[PDB]
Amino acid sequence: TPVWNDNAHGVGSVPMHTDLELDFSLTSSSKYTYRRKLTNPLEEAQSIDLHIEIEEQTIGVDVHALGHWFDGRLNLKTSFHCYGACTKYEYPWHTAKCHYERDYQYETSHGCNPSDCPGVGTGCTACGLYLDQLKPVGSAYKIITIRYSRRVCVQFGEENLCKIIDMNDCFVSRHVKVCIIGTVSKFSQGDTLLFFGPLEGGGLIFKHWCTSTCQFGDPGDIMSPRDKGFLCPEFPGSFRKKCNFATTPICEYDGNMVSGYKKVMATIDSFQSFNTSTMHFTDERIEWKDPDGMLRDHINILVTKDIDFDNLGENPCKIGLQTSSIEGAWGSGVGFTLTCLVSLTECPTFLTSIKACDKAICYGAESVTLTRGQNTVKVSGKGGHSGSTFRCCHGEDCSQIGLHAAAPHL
């Protein structure tokens, strides 16, 4: 007969037994303070201090750091030999991290040879494209998850409690409820954020950063994921061997010659900037306060001075947690799955959520009806980094250890 459930975060109240309601639209980038002495209508001389502090909205973005985007110049060179396979000779572009070679092997002919080459169907004209004058222009981050929150502190008499409240969640206590409701549409999963400097200050949003095909000229075309090593772009144009009598062959390439950075800069007003304040970069995560004062969220504060609220998630159920296994990846839009062993006592069943968390950041949650005794719960999550130890959590309680997920893009 009982069907305990703690997935409802909020309260039951009787409107005539409720003393105060604050309801307002608050600038997202603003804090809010409320202080009041709750006095007894005047049948008493007993007063309760109420002190509420709401902090500015914070955004937390789980990301994959993509490394640096580069500007560069596309260069073309020709190397001709009258005799010998193309691989017999070393070419100047061989040291270039990003090069692309097209060979014309065993194709010498009378009207396309230098004066000293009498070869026909011999040797090699090698054409080499390579990037040079490389310079990093910014750091790029792929958005995996976006969350907004406000830190909320409530003092009611001598009770004082602070909590980070996610947007569209509620702060719940015996005498005070604080609910935050809102929506923001600035950032999307899969967007790529580009920071051109120590871009505290701000950055750019790219909605079409190249992924499965990067061609030279694309946003994101030339990337270095870590200090050394490039992900090189494709060069989709064609080579031609230009021929003349008594003349060395000359390679031509008819594709785009202008880097993605230059093409983006040339139409920079087509792209959306954002600003940041009090940035915090950690591995695969960025947190900041967006100073855009045009954005607002909705705050509702309900206070009952005498009778307690009915906490809609109240229950006698008791949970023990440990991690069992993990699969999947950090830094990945596909994500990981954490398997948890969860013990339920003091209730035949309990509808609740089990979360994958590390250091008070949560990366995933599974709603589940647990049965008395042991339960196996799989939690899907996204985000984290190589050093993350994802723990199985229930409310503020977590297991004693956590597990690492695998690296993405292997």
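Take the two forms, find the largest set of C-alpha atoms that superpose within 1.5 Å, and that set is the rigid core. Residue numbers run from 1 along the displayed sequence.
Trainee: Comparing against the shown form in 5 other deposited structures of this protein, which stretch has the larger RMS C-alpha deviation after a rigid core superposition, 125-133 or 175-183?
Mentor: Between 125-133 and 175-183, greater C-alpha deviation in 5 other deposited structures of this protein belongs to 125-133.
Trainee: Within the set of other compared PDB entries, does residue 114 lack a model in a third or more?
Mentor: Yes, residue 114 lacks coordinates in at least a third of the other entries compared.
Trainee: Do a third or more of the other compared PDB entries fail to give coordinates for residue 84?
Mentor: Per the records, residue 84 goes unmodelled in at least a third of the other entries.
Trainee: Look up the CA B-factors in the entry and say which stretch, 45-53 or 351-359, has the higher mean.
Mentor: Looking at the recorded C-alpha B-factors, 45-53 comes out higher on average.
Trainee: Test of understanding: from the entry's C-alpha B-factors, which stretch has the higher mean, 306-314 or 118-126?
Mentor: Going by the record's values, the stretch with the higher mean is 118-126.
Trainee: Among the candidates 10, 387, 395, 402, give the one with the maximum CA B-factor reported in the record.
Mentor: Of the options given, 402 has the highest CA B-factor in the PDB entry.
Trainee: Could you say which of 157, 260, 236, 291 has its CA atom at the highest B factor, as listed in the PDB entry?
Mentor: The listed residue with the largest C-alpha B-factor is 157.
Trainee: Sorting the chain's modelled residues by C-alpha B-factor, tell me whether residue 68 ends up in the lowest, middle or highest third.
Mentor: Ranked within chain, residue 68 CA B lands in the lowest tercile.
Trainee: Where does the C-alpha B-factor of residue 374 rank in its chain, lowest, middle or highest third?
Mentor: Middle third by C-alpha B-factor.
Trainee: Lowest, middle or highest third: where is residue 207 by C-alpha B factor in its chain?
Mentor: Bottom third by C-alpha B-factor.
Trainee: What third of its chain, lowest, middle or highest, does the C-alpha temperature factor of residue 99 fall into?
Mentor: Its C-alpha B-factor belongs to the middle third of this chain's values.
Trainee: Report the third (lowest, middle or highest) to which the CA temperature factor of residue 344 belongs, ranking only the modelled residues of the same chain.
Mentor: For residue 344, whose C-alpha B-factor we compare with every modelled residue in the chain, the answer is the middle third.
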